[PDB]
């Protein structure tokens, strides 16, 4: 068992979590091609809409389902990439990218193609400007999964710099602002770069801590490239010469330090005359992401079995 160190962060969940979950899970159970009944049940047990609501608890009620659909299909895609090579995985992603832009019509016989297409079409229909600001961060997220730097040795420092793209920090930032209708100026976005980077490390490592057993199993049974083990747990275990479980406890303490740094960075942003009302809502949203990511990771069957 793993006991989480004390946190001042209060995780919040979107009030419409039960409705949207039943709705979005239902959609994918109708359209997505699951290999068997076991995969369908494991899909529901994962609670991909539940993590989305924990990520963006203050999302607008008519925009939360968009986020739940996007994160869900991205989870399904990334799980498929683990059985492919870097070459096969790259081809899979790059085929869905112009479709995501809406430049290429989808193959209605291929579930992943029209699901992706209809989603982005529906999102651009609701808010064209904000939905377009999610495209490139998503593409950055997807292309990071087939980056060949995963096949090269990394220290803790270089790993965190790479994982900011692999965890989709920028993707989650754009998705959050979209779902909340929270618009920020380029001056405001640049203003909280350091807060973003600190938040990204928290999201990545917390995920690493709870998803380690799943990824460790994948690295032994799946493809040698797509299922390769790339996590801070393994890296810290190597460099410090301790068990992976020991690395988890140490990394968890480090996460609490990043939470502290988040509070100080926000305080300094407020001490200086730089904290606009939009920024206050943004950094508060980032906190929800960090605590929301932890809560879900602690409880989902995706990681416990």
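Residue numbers count along the first chain shown, from 1.
Look at the mean CA B-factor for 134 to 142 and for 183 to 191 in the entry; the higher one is 183 to 191.
The deposited model assigns a higher average Cα B-factor to 93 to 101 than to the other stretch when 93 to 101 and 200 to 208 are compared.
Each of 41, 261, 65, 249 has a CA temperature factor in the record; the biggest one is found at 41. Placement of the Cα temperature factor of residue 278 within the chain: highest third of the modelled residues, per the deposited record. In the PDB entry, residue 147 places in the highest third of its chain by CA B-factor. When all modelled residues of the chain are sorted by CA temperature factor, residue 284 is found within the middle third. When the modelled residues of the chain are ordered by C-alpha B-factor, residue 7 sits in the lowest third.
Ranked within its chain, residue 35 lands in the highest third, by CA B factor from the PDB record.
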